[PDB]
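*Asks:*
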Amino acid sequence: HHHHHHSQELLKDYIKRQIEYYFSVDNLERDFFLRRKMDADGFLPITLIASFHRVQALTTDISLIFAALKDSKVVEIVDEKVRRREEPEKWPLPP
RNA sequence: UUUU
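Just so you know, the entry's author numbering puts 362 at position 47 of the first sequence, and the rest follows in order with no gaps.
1) Grouping DSSP H, G and I as helix and E and B as strand, with all else coil, what is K352?
2) How big is the Cα-Cα spacing for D356 and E344?
3) Taking three-plus beta-carbon pairs below 8 angstroms as touching, is the segment 383-401 in contact with the segment 345-352?
4) Nearest-angstrom Cα distance between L359 and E401?
5) Just the Cα atoms here: how many angstroms apart are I361 and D376?
6) Leaving out five residues on either side along the sequence, give the residues of the same chain with a beta carbon under 6 angstroms from the beta carbon of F381.
7) Given a cut-off of 8 angstroms on the beta-carbon distance, is the pair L349 and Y337 in contact?
8) Assuming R399 is part of the alpha helix (DSSP H), what are its boundary residues?
9) How big is the Cα-Cα spacing for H317 and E324?
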């Protein structure tokens, strides 16, 4: 009972900014590991993003990660997966 | 092994 909605708002903002960095053009131009994990439509499992060190440092609460991304104009969520909103299909690469 |  030490968990409170108000005391996760800043954490959500740090998570949102971190994940928006992964899906930035600047990062995607060099992030071959991430692109090699994408499906042909650009989607990645949100749980894969949650495992990355800078996200995992901030939280292991998957609801907070989902909430942080509903707040984003950079990414699109469908069910368990997330992709860049703009031209996602340009980025996938063979595994 | 990773600002994957």
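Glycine included, C-beta positions come from ideal geometry on N, C-alpha and C.
*Replies:* In brief:
1) Against the first sequence, residue 352 aligns to sequence position 37. DSSP places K352 in coil when its eight states are reduced to three.
2) By 1-based counting over the first sequence, the position of residue 356 is 41. By 1-based counting over the first sequence, the position of residue 344 is 29. Looking at the two C-alpha atoms, the distance is approximately 17 angstroms.
3) no
4) In the first sequence, counting from the first residue as 1, residue 359 sits at position 44. In the first sequence, counting from the first residue as 1, residue 401 sits at position 86. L359 and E401: Cα-Cα distance of roughly 15 angstroms.
5) For the purposes of this step, residue 361 is taken as residue 46 along the first sequence, with counting starting at 1. For the purposes of this step, residue 376 is taken as residue 61 along the first sequence, with counting starting at 1. In a straight line, the C-alpha of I361 is about 12 angstroms away from that of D376.
6) As a position in the first sequence, residue 381 is number 66, starting the count at 1. Result list for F381: empty, nothing under 6 angstroms.
7) Sequence index remark: in the first sequence, residue 349 carries index 34 (1-based). Sequence index remark: in the first sequence, residue 337 carries index 22 (1-based). A contact, by the Cβ cut-off of 8 angstroms.
8) Start at 1 with the first residue of the first sequence, and residue 399 comes out as number 84. Unbroken run through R399 is the beta strand (DSSP E), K396 to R399; no alpha helix (DSSP H).
9) Here residue 317 refers to the residue found at position 2 of the first sequence. Here residue 324 refers to the residue found at position 9 of the first sequence. Going from the Cα of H317 to the Cα of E324 covers about 15 angstroms.
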